[PDB]
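The data below hold one chain only, encoded as structure tokens and taken in the form deposited in one PDB entry.
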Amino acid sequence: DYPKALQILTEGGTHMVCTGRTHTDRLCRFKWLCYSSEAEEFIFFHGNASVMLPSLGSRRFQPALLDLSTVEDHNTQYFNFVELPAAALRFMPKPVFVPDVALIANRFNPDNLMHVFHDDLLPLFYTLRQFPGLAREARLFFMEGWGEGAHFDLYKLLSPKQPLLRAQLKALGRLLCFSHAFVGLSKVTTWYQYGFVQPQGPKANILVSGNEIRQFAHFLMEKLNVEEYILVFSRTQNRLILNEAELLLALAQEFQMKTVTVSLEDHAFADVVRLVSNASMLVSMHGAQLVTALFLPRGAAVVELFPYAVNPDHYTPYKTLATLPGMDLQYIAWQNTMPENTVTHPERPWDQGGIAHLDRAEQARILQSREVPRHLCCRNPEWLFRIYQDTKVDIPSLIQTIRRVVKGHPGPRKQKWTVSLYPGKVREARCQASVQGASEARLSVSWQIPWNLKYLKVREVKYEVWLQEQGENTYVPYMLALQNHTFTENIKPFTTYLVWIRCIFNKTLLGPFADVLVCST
């Protein structure tokens, strides 16, 4: 089928259809997109059937077409192509067509378990499911330029076909052309930004809940082929817990439960997931391994430990994950506040912390500072100094800190979890008015229950009625339990009121407002 594919490519050229009005929110569908392995450049070939949506002109370099990773607007993770006429193929090597449909993306840091899960694995899972056929047919192409990395077998779980690295493309041919390729990863599952513009923290508008996290974790547990106990997630190289043996005995005594230790180094990852998946409580130093908390059962507790001078309020990727609506996880943060219990490593090279390379004046300033100031990514000297300390955990202060959230037995001790759904609009809202005196009037409002309430058993159903006089800039709310109400002493005669009605399930599930009612007295 090569002469037919070469003919379509040489006559018609590249076809590009993309979602999104900005580059930070863009997914592209390509046909006959090409790639030079010598230049490491993707190629758009203009032919007689070529389409480019969006067609940006020179705005395609301000800054680029789309983000290749899920890190927003990272200036080393952009995607773009160079343009050529389809006829320019007459002067080029013969193209080598890739048969598989491709999903093209960059992995932001395939060596960090948190980056792997939050930036790549979750977005890959749902970007594949954004388009029909991808989840079963797509071969992934990782174009960021790093090797396999320490977690490459995790990437292999998301696709049935072996992923390809950019370095592997040059052995496939000098000119490669994808008959069908998707480019980009959706940011819909992300919950954290790493501090390039403003200091790191939760992303402003999180669009993912624990249910979608757990559906992903359920898929990975099946692909990994996966009595109550507390689990301590230790580190063996750096950011250590120095009194680990004392911590395990105390936790076992405080909660009357078995306490088990796991680490990324000494256990196959399937066994790591298996241990986490049935743990009533996860205790761990702040670090990449804590992203595995997404495998915790609903109702379990996350106990995150922070080293000296590291404010837990400033470094919240795992707090944000654990407290996502729908995750149903308890979050406890503990910070070492005793300098005699921290171990400093200042004679390390700058990469691993250590401050010996800076002048003596800044070294004293760092050692005296009892809290890492707010900073931007990525190599702030003080932050790396403190975040790579060793920590002796003060047991009694940790136990009292945990007991402020977990007041009884930790874990999912026979608790049930509803699904949280919202009401519809109330239907057929009406109103009537009457006047009994120069200053006495009545305004009655009535409505039918939301349609989905006919098939719902809700513990508490209320209606909020917003009342506003026509000229006023104000509205007054009223909470009612019946489907009707007659306003009396708040109503003026010979005037007009606007009425908005919405239904509220329990107390926090706010429904939508119906069409406004105009009611004149």
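Between two forms, the rigid core is defined as the largest C-alpha subset superposing within 1.5 Å. Throughout, we count residues from 1 along the sequence that is shown.
What comes next is about the form deposited in another entry, which does not appear here.
Only one candidate in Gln62, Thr488, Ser55, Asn48 has its Cα displaced by 2 Å or more between the shown form and the other one after core superposition: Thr488. The rigid-core alignment places the CA of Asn452 less than 2 Å apart between the shown form and the other one. Positional change of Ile504 between the shown form and the other one stays under 2 Å at the C-alpha, relative to the superposed core. Core-aligned CA deviation for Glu38 between the shown form and the other one: less than 2 Å.
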